[PDB]
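Containing compact mmCIF, C-alpha atoms and all ligand atoms: work.txt.
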```
# COMPACT_ATOMS: atom_id res chain seq x y z
CA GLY N 950 -19.46 10.94 -10.22
CA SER N 951 -16.16 10.53 -8.26
CA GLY N 952 -14.21 10.98 -11.55
CA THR N 953 -12.39 7.62 -10.99
CA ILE N 954 -12.21 5.14 -13.91
CA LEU N 955 -10.44 1.73 -13.68
CA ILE N 956 -8.57 0.54 -16.84
CA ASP N 957 -7.92 -3.25 -16.99
CA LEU N 958 -4.31 -4.12 -17.91
CA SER N 959 -3.82 -7.11 -20.25
CA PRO N 960 -1.59 -9.83 -18.70
CA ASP N 961 0.48 -9.33 -21.96
CA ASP N 962 1.14 -5.65 -20.95
CA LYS N 963 4.72 -4.98 -19.61
CA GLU N 964 2.97 -2.74 -16.99
CA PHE N 965 0.81 -5.70 -15.76
CA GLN N 966 3.94 -7.91 -15.63
CA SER N 967 6.16 -5.43 -13.65
CA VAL N 968 3.32 -4.80 -11.08
CA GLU N 969 2.72 -8.61 -10.70
CA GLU N 970 6.52 -9.17 -10.23
CA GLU N 971 6.63 -6.52 -7.40
CA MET N 972 3.57 -8.20 -5.77
CA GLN N 973 5.02 -11.79 -5.98
CA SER N 974 8.73 -10.97 -5.27
CA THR N 975 7.97 -9.02 -1.99
CA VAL N 976 6.13 -11.91 -0.23
CA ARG N 977 7.88 -12.94 3.03
CA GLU N 978 7.11 -15.10 6.12
CA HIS N 979 5.50 -13.17 9.03
CA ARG N 980 6.34 -13.54 12.77
CA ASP N 981 2.61 -14.39 13.42
CA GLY N 982 3.02 -17.64 11.35
CA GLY N 983 0.20 -16.34 9.05
CA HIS N 984 -2.35 -15.42 11.82
CA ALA N 985 -3.20 -11.94 10.36
CA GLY N 986 -2.71 -12.45 6.57
CA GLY N 987 -2.91 -16.26 6.07
CA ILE N 988 -0.36 -18.97 5.11
CA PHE N 989 1.03 -18.50 1.54
CA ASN N 990 4.31 -18.05 -0.43
CA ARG N 991 2.69 -16.50 -3.57
CA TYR N 992 -0.57 -15.03 -4.99
CA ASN N 993 -2.96 -15.91 -7.81
CA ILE N 994 -3.27 -12.45 -9.50
CA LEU N 995 -6.86 -12.19 -10.90
CA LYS N 996 -6.80 -8.57 -12.22
CA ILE N 997 -4.61 -5.42 -12.29
CA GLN N 998 -6.44 -2.10 -12.97
CA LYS N 999 -4.94 1.40 -13.50
CA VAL N 1000 -6.73 3.94 -11.22
CA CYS N 1001 -7.42 7.18 -13.22
CA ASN N 1002 -8.67 10.32 -11.39
CA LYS N 1003 -7.60 13.78 -12.73
CA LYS N 1004 -8.51 15.64 -9.45
CA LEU N 1005 -6.78 13.08 -7.14
CA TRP N 1006 -3.66 12.98 -9.43
CA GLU N 1007 -3.39 16.84 -9.41
CA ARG N 1008 -3.89 16.75 -5.58
CA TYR N 1009 -0.90 14.30 -5.45
CA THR N 1010 1.43 16.25 -7.87
CA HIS N 1011 0.62 19.60 -6.09
CA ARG N 1012 1.74 18.15 -2.69
CA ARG N 1013 4.73 16.37 -4.38
CA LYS N 1014 6.06 19.77 -5.69
CA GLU N 1015 5.62 21.32 -2.16
CA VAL N 1016 7.67 18.44 -0.61
CA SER N 1017 10.25 18.49 -3.50
CA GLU N 1018 10.82 22.28 -2.99
CA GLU N 1019 11.32 21.66 0.81
CA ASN N 1020 13.91 18.90 0.05
CA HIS N 1021 16.44 20.16 -2.61
CA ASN N 1022 14.07 19.22 -5.51
CA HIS N 1023 13.78 15.57 -4.25
CA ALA N 1024 10.24 14.13 -3.69
CA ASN N 1025 11.85 10.77 -2.61
CA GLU N 1026 8.94 9.02 -4.40
CA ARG N 1027 8.38 5.25 -3.88
CA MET N 1028 5.93 2.60 -5.16
CA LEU N 1029 4.51 0.91 -2.00
CA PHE N 1030 1.60 -1.44 -1.10
CA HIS N 1031 -1.49 -0.48 0.95
CA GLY N 1032 -4.07 -3.02 2.21
CA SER N 1033 -7.37 -1.75 3.69
CA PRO N 1034 -11.09 -2.58 4.01
CA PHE N 1035 -11.59 1.00 2.58
CA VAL N 1036 -9.81 0.50 -0.84
CA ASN N 1037 -13.12 1.52 -2.59
CA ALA N 1038 -13.30 4.85 -0.60
CA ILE N 1039 -9.55 5.42 -1.36
CA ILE N 1040 -9.71 4.95 -5.19
CA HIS N 1041 -12.84 7.23 -5.42
CA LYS N 1042 -12.12 9.98 -2.79
CA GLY N 1043 -8.33 9.65 -2.09
CA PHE N 1044 -6.35 8.96 1.12
CA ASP N 1045 -7.21 11.16 4.18
CA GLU N 1046 -7.24 11.13 8.06
CA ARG N 1047 -9.91 8.30 7.96
CA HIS N 1048 -7.29 5.87 6.44
CA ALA N 1049 -4.80 6.63 9.30
CA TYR N 1050 -3.69 3.79 11.65
CA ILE N 1051 -4.49 5.46 15.05
CA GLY N 1052 -2.64 2.73 17.06
CA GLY N 1053 0.39 2.52 14.69
CA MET N 1054 3.88 2.08 16.29
CA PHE N 1055 5.06 5.20 14.30
CA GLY N 1056 2.00 7.37 15.21
CA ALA N 1057 -1.49 8.12 13.76
CA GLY N 1058 -0.55 8.23 10.04
CA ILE N 1059 -1.24 6.31 6.78
CA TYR N 1060 0.98 3.17 6.59
CA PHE N 1061 2.57 1.61 3.45
CA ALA N 1062 4.77 -1.52 3.05
CA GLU N 1063 7.57 -2.63 0.68
CA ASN N 1064 6.38 -6.23 1.45
CA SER N 1065 3.04 -6.94 -0.34
CA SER N 1066 2.55 -9.72 2.34
CA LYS N 1067 2.71 -7.02 5.10
CA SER N 1068 -0.10 -4.97 3.36
CA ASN N 1069 -2.02 -8.32 2.89
CA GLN N 1070 -2.31 -8.50 6.76
CA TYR N 1071 -4.57 -5.33 6.65
CA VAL N 1072 -7.00 -6.23 3.75
CA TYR N 1073 -9.62 -7.47 6.32
CA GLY N 1074 -8.65 -4.89 9.02
CA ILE N 1075 -6.01 -4.44 11.79
CA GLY N 1076 -4.39 -7.88 12.41
CA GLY N 1077 -6.66 -9.31 9.64
CA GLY N 1078 -9.79 -8.49 11.75
CA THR N 1079 -12.23 -11.47 11.63
CA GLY N 1080 -10.91 -12.53 8.16
CA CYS N 1081 -12.96 -12.68 4.90
CA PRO N 1082 -16.60 -11.49 5.28
CA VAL N 1083 -18.01 -14.78 3.78
CA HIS N 1084 -16.02 -17.50 5.74
CA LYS N 1085 -14.54 -15.43 8.70
CA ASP N 1086 -11.14 -16.91 7.59
CA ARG N 1087 -7.97 -14.69 7.78
CA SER N 1088 -6.29 -17.43 5.61
CA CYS N 1089 -9.19 -17.74 3.06
CA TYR N 1090 -7.86 -19.16 -0.28
CA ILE N 1091 -11.28 -18.65 -2.01
CA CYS N 1092 -12.35 -15.00 -1.40
CA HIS N 1093 -10.96 -12.27 -3.74
CA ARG N 1094 -8.65 -9.76 -1.95
CA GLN N 1095 -7.54 -6.29 -3.16
CA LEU N 1096 -4.28 -4.34 -2.54
CA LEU N 1097 -3.34 -0.83 -3.75
CA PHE N 1098 0.09 -0.30 -5.36
CA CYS N 1099 0.61 3.40 -4.58
CA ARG N 1100 2.90 6.29 -5.62
CA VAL N 1101 4.10 7.75 -2.26
CA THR N 1102 6.07 11.00 -1.61
CA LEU N 1103 8.43 10.39 1.39
CA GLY N 1104 10.48 13.63 1.10
CA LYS N 1105 12.82 13.86 4.14
CA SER N 1106 11.92 10.65 6.07
CA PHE N 1107 12.53 10.24 9.85
CA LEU N 1108 14.49 6.94 10.30
CA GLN N 1109 13.02 4.86 13.19
CA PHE N 1110 15.01 1.66 14.05
CA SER N 1111 12.94 -1.35 15.33
CA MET Y 1115 -4.05 12.23 12.18
CA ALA Y 1116 -0.69 13.14 13.87
CA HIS Y 1117 2.06 15.43 12.39
CA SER Y 1118 5.35 14.33 10.72
CA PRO Y 1119 8.35 14.76 13.06
CA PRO Y 1120 9.42 18.46 12.81
CA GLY Y 1121 11.60 18.98 9.67
CA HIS Y 1122 10.35 15.65 8.10
CA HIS Y 1123 7.61 14.65 5.55
CA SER Y 1124 7.31 10.93 6.57
CA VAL Y 1125 8.60 8.18 8.92
CA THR Y 1126 10.57 5.07 7.83
CA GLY Y 1127 10.13 1.99 10.06
CA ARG Y 1128 13.51 0.22 9.57
CA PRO Y 1129 13.17 -3.58 10.00
CA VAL Y 1131 15.61 -7.97 14.33
CA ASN Y 1132 13.95 -9.71 11.29
CA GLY Y 1133 16.80 -9.62 8.71
CA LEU Y 1134 14.30 -10.55 5.92
CA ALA Y 1135 11.64 -7.80 6.58
CA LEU Y 1136 11.48 -4.77 4.22
CA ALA Y 1137 10.72 -1.18 5.39
CA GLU Y 1138 7.30 0.24 6.37
CA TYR Y 1139 6.52 3.97 5.82
CA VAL Y 1140 4.08 6.50 7.36
CA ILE Y 1141 2.79 9.76 5.78
CA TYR Y 1142 0.64 12.27 7.77
CA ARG Y 1143 -0.93 13.90 4.63
CA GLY Y 1144 -3.36 11.90 2.39
CA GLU Y 1145 -2.14 14.07 -0.57
CA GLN Y 1146 1.34 12.37 -0.34
CA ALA Y 1147 -0.04 9.09 -1.85
CA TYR Y 1148 -1.84 8.24 -5.13
CA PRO Y 1149 -3.40 4.75 -5.57
CA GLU Y 1150 -1.88 3.91 -9.03
CA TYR Y 1151 -2.99 0.22 -9.29
CA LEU Y 1152 -5.86 -1.85 -7.85
CA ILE Y 1153 -4.67 -5.52 -7.68
CA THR Y 1154 -7.33 -8.28 -7.27
CA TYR Y 1155 -5.83 -11.61 -6.06
CA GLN Y 1156 -6.13 -14.77 -3.94
CA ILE Y 1157 -3.43 -15.99 -1.53
CA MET Y 1158 -2.40 -19.53 -2.69
CA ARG Y 1159 -2.31 -22.57 -0.32
CA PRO Y 1160 1.32 -23.88 -0.25
CA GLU Y 1161 1.67 -27.33 -1.97
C1 LIG N 1201 2.47 -1.47 10.56
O1 LIG N 1201 2.81 -1.53 9.17
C2 LIG N 1201 1.79 -1.46 8.26
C3 LIG N 1201 2.16 -1.82 6.94
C4 LIG N 1201 1.24 -1.79 5.94
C5 LIG N 1201 -0.09 -1.39 6.20
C6 LIG N 1201 -1.09 -1.39 5.14
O2 LIG N 1201 -0.83 -1.72 3.99
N1 LIG N 1201 -2.37 -1.00 5.45
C7 LIG N 1201 -2.73 -0.64 6.70
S1 LIG N 1201 -4.33 -0.13 7.14
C8 LIG N 1201 -3.81 0.12 8.76
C9 LIG N 1201 -2.50 -0.21 8.96
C10 LIG N 1201 -1.83 -0.64 7.76
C11 LIG N 1201 -0.47 -1.04 7.53
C12 LIG N 1201 0.50 -1.07 8.55
ZN ZN N 1202 -13.54 -16.40 2.36
```
For the structure just supplied, provide its representation as structure tokens.
Amino acid sequence: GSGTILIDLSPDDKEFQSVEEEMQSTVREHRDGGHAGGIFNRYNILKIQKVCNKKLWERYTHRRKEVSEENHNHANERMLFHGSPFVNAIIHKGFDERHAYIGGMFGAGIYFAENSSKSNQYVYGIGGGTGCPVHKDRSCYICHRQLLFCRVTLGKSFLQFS
Amino acid sequence: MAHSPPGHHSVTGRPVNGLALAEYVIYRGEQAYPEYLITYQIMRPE
């Protein structure tokens, strides 16, 4: 009784098509030559579901208004990818301290990527962990993977050059 | 979980690699909503 329902999008739905295009068009090559996420230029999209949770949405919009009011009515809202072994916990209970990357280069926070292929490196854990649970393959072409495409409030963002 | 830099709500990791896009960090779970769950396979290059 989390309150989360998943609605399947038809591949004929403009909403399915725009989400697939963001997934496919933000693939890049990684400096690890595919060690963490695997070797690929594109995805086979199997399903796109809308995540519906009244409580978690109101939790988001409440915080968004707080940030907006601290930043001249500008939430600075983005659509960004998140890969995690805990995607099931996230869609049911929301993001929290447990989804934080303790060892992250920008501190113990929750990390999001413009590149879908960057988020893909984290589906099986930090640095791809031991890869897919079935084949222990970080480059598995068989096992089904999941990413979240997330609405994120940045507000006033601290610019860190790398 | 750490705090945002004082006077900030998030961090932007600006990409050496001219082709890399930005990474972002929030320090409040409430600042993200998981809108879409995408199920996929990576494809072996031809
Ligand atoms: C360092 O940059 C990133 C970029 C994207 C992600 C991501 O999608 N999920 C996770 S889960 C723990 C770390 C990360 C991460 C880190
Ligand atoms: Zn596998």
**Prompt:** Can you tell me how far atom CA of residue N:1092 sits from atom CA of residue N:987, in Å to one decimal?
**Reply:** 12.1 Å
Within 12 Å of ligand ZN 1202 (chain N), counting only C-alpha atoms and all ligand atoms, which protein or nucleic acid residues do you find, written as a short mmCIF file (atom, residue, chain, number, x, y, z; two decimals) with C-alpha atoms, keeping the file's coordinate frame?
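The resulting out-v4.cif:
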```cif
data_model
loop_
_atom_site.label_atom_id
_atom_site.label_comp_id
_atom_site.auth_asym_id
_atom_site.auth_seq_id
_atom_site.Cartn_x
_atom_site.Cartn_y
_atom_site.Cartn_z
CA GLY N 987 -2.91 -16.26 6.07
CA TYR N 1073 -9.62 -7.47 6.32
CA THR N 1079 -12.23 -11.47 11.63
CA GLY N 1080 -10.91 -12.53 8.16
CA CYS N 1081 -12.96 -12.68 4.90
CA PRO N 1082 -16.60 -11.49 5.28
CA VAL N 1083 -18.01 -14.78 3.78
CA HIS N 1084 -16.02 -17.50 5.74
CA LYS N 1085 -14.54 -15.43 8.70
CA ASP N 1086 -11.14 -16.91 7.59
CA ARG N 1087 -7.97 -14.69 7.78
CA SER N 1088 -6.29 -17.43 5.61
CA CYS N 1089 -9.19 -17.74 3.06
CA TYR N 1090 -7.86 -19.16 -0.28
CA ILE N 1091 -11.28 -18.65 -2.01
CA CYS N 1092 -12.35 -15.00 -1.40
CA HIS N 1093 -10.96 -12.27 -3.74
CA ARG N 1094 -8.65 -9.76 -1.95
CA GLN Y 1156 -6.13 -14.77 -3.94
CA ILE Y 1157 -3.43 -15.99 -1.53
#
```
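Each of N:1100, N:1003, N:1027, N:979 was checked against chain Y using only C-alpha atoms; the smallest atom-to-atom distance is that of N:1100.
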**Prompt:** Skipping near chain neighbours, those fewer than 6 positions away, what residues fall within 12 Å of residue N:1069 using all atoms listed in the file, listed as a PyMOL selection string?
**Reply:** (chain N and resi 972-973+975-979+983-989+991-992+1030-1034+1061-1063+1075-1078+1080-1081+1087-1089+1093-1098) or (chain Y and resi 1153-1157)
Resulting file, chosen residues, C-alpha atoms, as a PDB file, in the frame of the given file:
```pdb
ATOM      1  CA  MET N 972       3.570  -8.200  -5.770  1.00  0.00           C
ATOM      2  CA  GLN N 973       5.020 -11.790  -5.980  1.00  0.00           C
ATOM      3  CA  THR N 975       7.970  -9.020  -1.990  1.00  0.00           C
ATOM      4  CA  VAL N 976       6.130 -11.910  -0.230  1.00  0.00           C
ATOM      5  CA  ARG N 977       7.880 -12.940   3.030  1.00  0.00           C
ATOM      6  CA  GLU N 978       7.110 -15.100   6.120  1.00  0.00           C
ATOM      7  CA  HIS N 979       5.500 -13.170   9.030  1.00  0.00           C
ATOM      8  CA  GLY N 983       0.200 -16.340   9.050  1.00  0.00           C
ATOM      9  CA  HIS N 984      -2.350 -15.420  11.820  1.00  0.00           C
ATOM     10  CA  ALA N 985      -3.200 -11.940  10.360  1.00  0.00           C
ATOM     11  CA  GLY N 986      -2.710 -12.450   6.570  1.00  0.00           C
ATOM     12  CA  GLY N 987      -2.910 -16.260   6.070  1.00  0.00           C
ATOM     13  CA  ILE N 988      -0.360 -18.970   5.110  1.00  0.00           C
ATOM     14  CA  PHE N 989       1.030 -18.500   1.540  1.00  0.00           C
ATOM     15  CA  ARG N 991       2.690 -16.500  -3.570  1.00  0.00           C
ATOM     16  CA  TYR N 992      -0.570 -15.030  -4.990  1.00  0.00           C
ATOM     17  CA  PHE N1030       1.600  -1.440  -1.100  1.00  0.00           C
ATOM     18  CA  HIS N1031      -1.490  -0.480   0.950  1.00  0.00           C
ATOM     19  CA  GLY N1032      -4.070  -3.020   2.210  1.00  0.00           C
ATOM     20  CA  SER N1033      -7.370  -1.750   3.690  1.00  0.00           C
ATOM     21  CA  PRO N1034     -11.090  -2.580   4.010  1.00  0.00           C
ATOM     22  CA  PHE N1061       2.570   1.610   3.450  1.00  0.00           C
ATOM     23  CA  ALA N1062       4.770  -1.520   3.050  1.00  0.00           C
ATOM     24  CA  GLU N1063       7.570  -2.630   0.680  1.00  0.00           C
ATOM     25  CA  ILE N1075      -6.010  -4.440  11.790  1.00  0.00           C
ATOM     26  CA  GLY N1076      -4.390  -7.880  12.410  1.00  0.00           C
ATOM     27  CA  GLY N1077      -6.660  -9.310   9.640  1.00  0.00           C
ATOM     28  CA  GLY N1078      -9.790  -8.490  11.750  1.00  0.00           C
ATOM     29  CA  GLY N1080     -10.910 -12.530   8.160  1.00  0.00           C
ATOM     30  CA  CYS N1081     -12.960 -12.680   4.900  1.00  0.00           C
ATOM     31  CA  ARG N1087      -7.970 -14.690   7.780  1.00  0.00           C
ATOM     32  CA  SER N1088      -6.290 -17.430   5.610  1.00  0.00           C
ATOM     33  CA  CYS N1089      -9.190 -17.740   3.060  1.00  0.00           C
ATOM     34  CA  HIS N1093     -10.960 -12.270  -3.740  1.00  0.00           C
ATOM     35  CA  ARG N1094      -8.650  -9.760  -1.950  1.00  0.00           C
ATOM     36  CA  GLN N1095      -7.540  -6.290  -3.160  1.00  0.00           C
ATOM     37  CA  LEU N1096      -4.280  -4.340  -2.540  1.00  0.00           C
ATOM     38  CA  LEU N1097      -3.340  -0.830  -3.750  1.00  0.00           C
ATOM     39  CA  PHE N1098       0.090  -0.300  -5.360  1.00  0.00           C
TER      40      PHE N1098
ATOM     41  CA  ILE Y1153      -4.670  -5.520  -7.680  1.00  0.00           C
ATOM     42  CA  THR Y1154      -7.330  -8.280  -7.270  1.00  0.00           C
ATOM     43  CA  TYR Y1155      -5.830 -11.610  -6.060  1.00  0.00           C
ATOM     44  CA  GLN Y1156      -6.130 -14.770  -3.940  1.00  0.00           C
ATOM     45  CA  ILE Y1157      -3.430 -15.990  -1.530  1.00  0.00           C
TER      46      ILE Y1157
END
```
**Coordinates-based distance that separates atom CA of residue N:1064 from atom CA of residue Y:1131 (Å, one decimal)** =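 Rounded to one decimal, the two atoms are 15.9 Å apart.
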